[PDB]
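Heavy atoms only: backbone and side chains are in, while hydrogens, waters and symmetry mates are out. Just so you know, residue 1 is the first one in the sequence shown, and it goes up from there.
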Amino acid sequence: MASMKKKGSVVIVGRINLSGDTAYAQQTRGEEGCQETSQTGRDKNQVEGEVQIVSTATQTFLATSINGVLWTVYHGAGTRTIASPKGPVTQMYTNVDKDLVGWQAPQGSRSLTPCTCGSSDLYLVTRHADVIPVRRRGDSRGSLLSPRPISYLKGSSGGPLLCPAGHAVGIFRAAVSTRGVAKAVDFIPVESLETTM
Ligand SMILES: COc1ccc2nc(C)c(O[C@@H]3C[C@H]4C(=O)N[C@]5(C(=O)NS(=O)(=O)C6(C)CC6)C[C@H]5/C=C\CCCCC[C@H](NC(=O)O[C@@H](C)C(F)(F)F)C(=O)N4C3)nc2c1
Ligand SMILES: [Zn+2]
């Protein structure tokens with residue numbers, strides 16, 4: 001009872017820069033500072049952009065701001081708080097049935113706009129800043145135009161699927177593979193987020 005530990009916070013450790021002509025990952029915090037920030041929950045680093053790279057003590061994945069909420073996957077974050085300049089911030093959305101969590105978007109982040117284009121020509125943004133064309137195949141599924149080993153998608157849950165106009169269509173949740181090759185992706189549609197809200 002007196003020995004019981006507390007899980008650390010999710011920590012923003014970088015971002016995917018989409019502001020220019022070139023997408024690229026930036027690290028903003030190294031592993032040591034990440035471990036310390038997870039324990040204190042106090043992160044005074046300035047936040048920028050739409051897609052954050054986040055980490056716990058044991059996992060790293062992505063988180064995406066849409067309409068003022070930083071969204072990610074329950075299988076990454078669980079029920080964890082996120083570190084912030086004035087301490088841990090409790091989730092404002094949690095839905096294990098959708099593999100979905102959300103916190104208020106950090107000060108300084110930019111939010112994607114929810115897509116209303118009805119387009120099926122999508123783009124998945126990974127933690128390595130690859131921008132992967134995906135054809136929408138259903139409410140929560142899309143096929144990769146160029147399949148590739150699942151290794152290339154590992155760590156990108158919580159990242160966005162975008163429409164041609166750069167709106168948010170969904171949050172990457174799981175990969176569908178055959179013999180280790182990702183042929184399709186499973187994602188949380190933005191309408192499911194907009195309803196949760
Ligand atoms: C605990 O409470 C819950 C509640 C609801 C959940 N709901 C789902 C869905 C789920 O799924 C799991 C996790 C997810 C996954 O792995 N996510 C990616 C990823 O990067 N995570 S991550 O960042 O590395 C990580 C782990 C650090 C956070 C995008 C993948 C990239 C590569 C894939 C690696 C191989 C695993 C394939 C598996 N495929 C799958 O399940 O396909 C479904 C749709 C099927 F089977 F029906 F086809 C799958 O993708 N996952 C299996 N866990 C749930 C758990
Ligand atoms: Zn759109």
Side-chain angles (χ1 to χ4, degrees), residues 5-16 38 41 43 47 49-84 87-107 109 111-120 122-127 132 134 136-143 150 153-163 166-177 182 184-197:
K5 309 158 136 183
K6 187 79 212 257
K7 275 185 183 183
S9 292
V10 176
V11 180
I12 294 167
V13 297
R15 81 179 66 93
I16 306 301
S38 184
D43 178 3
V47 168
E50 306 84 3
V51 182
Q52 309 302 318
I53 307 174
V54 298
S55 297
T56 64
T58 55
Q59 288 195 121
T60 186
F61 48 104
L62 298 179
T64 302
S65 287
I66 306 166
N67 278 166
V69 179
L70 186 71
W71 300 99
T72 194
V73 284
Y74 186 93
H75 79 263
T79 56
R80 291 180 193 242
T81 54
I82 190 164
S84 91
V89 171
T90 297
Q91 286 173 21
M92 63 176 45
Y93 303 103
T94 313
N95 190 327
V96 68
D97 293 325
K98 297 182 178 171
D99 197 13
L100 181 67
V101 313
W103 309 267
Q104 60 212 64
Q107 282 306 125
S109 62
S111 268
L112 299 165
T113 299
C115 181
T116 68
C117 297
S119 176
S120 287
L122 316 177
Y123 301 92
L124 172 68
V125 180
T126 75
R127 74 175 289 114
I132 294 181
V134 169
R136 198 181 185 158
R137 293 297 189 187
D139 50 2
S140 57
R141 295 285 181 101
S143 54
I150 51 175
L153 304 185
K154 184 179 184 293
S156 294
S157 69
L161 285 92
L162 306 173
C163 80
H167 312 138
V169 175
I171 296 290
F172 182 30
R173 173 163 64 194
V176 178
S177 59
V185 293
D186 163 49
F187 64 87
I188 303 146
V190 71
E191 293 90 351
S192 188
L193 279 46
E194 286 170 285
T195 278
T196 288
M197 290 183 87

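Within the 4.5 Å cutoff, side-chain heavy atoms of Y74 are placed close to those of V96. Inter-residue side-chain proximity for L153 and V185 is flagged as met; some heavy-atom pair is nearer than 4.5 Å. Between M197 and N67 the shortest side-chain heavy-atom distance falls below 4.5 Å. Counting heavy atoms from C-beta on, the side chains of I53 and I12 never come closer than 4.5 Å. Within the 4.5 Å cutoff, the side chain of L62 has no heavy atoms near those of the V54 side chain. In this structure, the side chains of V101 and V73 stay at 4.5 Å or more apart for every pair of heavy atoms. Counting heavy atoms from C-beta on, the side chains of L112 and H167 never come closer than 4.5 Å. Counting heavy atoms from C-beta outward, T72 and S157 have side chains that stay 4.5 Å or more apart.
Summarising the geometry of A168 relative to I66, their closest heavy-atom pair is CB-CD1, 3.6 Å, with the distance given to 0.1 Å. For the pair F172 and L161, the tightest heavy-atom approach, listed with the atom from each and the gap, is N-CD1, 3.9 Å. Residues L162 and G166 approach most closely at CD2-O, 4.0 Å, considering heavy atoms. Between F61 and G76 the shortest heavy-atom distance is CZ-C, 3.2 Å. Closest approach of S177 and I150 over heavy atoms only: CB-CG2, 3.5 Å. Shortest non-hydrogen contact noted between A105 and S109 is CB-OG, 3.6 Å.
When only modelled atom types and interatomic distance are considered, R137 and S143 share a side-chain donor-acceptor pair under 3.5 Å. Side-chain polar atoms of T81 and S9 form a donor-acceptor pair below 3.5 angstrom.
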- Could you give me the CA-CA distance, side-chain angles and deciding distance for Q52 and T64, then say whether side-chain contact (heavy atoms from CB on, under 4.5 Å) is met? CA-CA 6 Å; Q52 309 302 318; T64 302; over 6 Å; no

- List the steps, then state whether side-chain contact (heavy atoms from CB on, under 4.5 Å) holds for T60 with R127. CA-CA 9 Å; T60 186; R127 74 175 289 114; 3.1 Å; yes

- Message: Does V69 form a side-chain contact (heavy atoms from CB on, under 4.5 Å) with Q104? I'd like the steps, not just the answer.
- Response: CA-CA 5 Å; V69 179; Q104 60 212 64; over 6 Å; no

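For the pair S84 (side chain) and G87 (backbone), a donor-acceptor distance under 3.5 Å is present. Using a distance-only test at 3.5 Å, with no hydrogens or angles considered, a donor-acceptor pair links the side chain of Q59 to the main chain of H75. Of the possible polar contacts, none joining the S156 side chain to the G159 backbone as a donor-acceptor pair under 3.5 Å is found. Under the 3.5 Å distance criterion, the side-chain polar atoms of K98 are matched with a main-chain donor or acceptor of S192.
A salt bridge links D186 with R173: the distance from a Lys NZ or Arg NE/NH1/NH2 to an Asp or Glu carboxylate oxygen falls below 4.0 Å.
Interatomic distance, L193 CG to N95 CG, rounded to the nearest 0.5 Å: 10.0 Å. A distance of 8.0 Å separates SG in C115 from CG in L122, rounded to the nearest 0.5 Å.
Residues forming a ring-ring contact (aromatic ring centres under 6.0 Å, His included) with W71 (at least two apart in sequence, or on another chain): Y93. Not counting sequence neighbours, the partners of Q91 by the side chain to side chain donor-acceptor pair (under 3.5 Å) test are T94.
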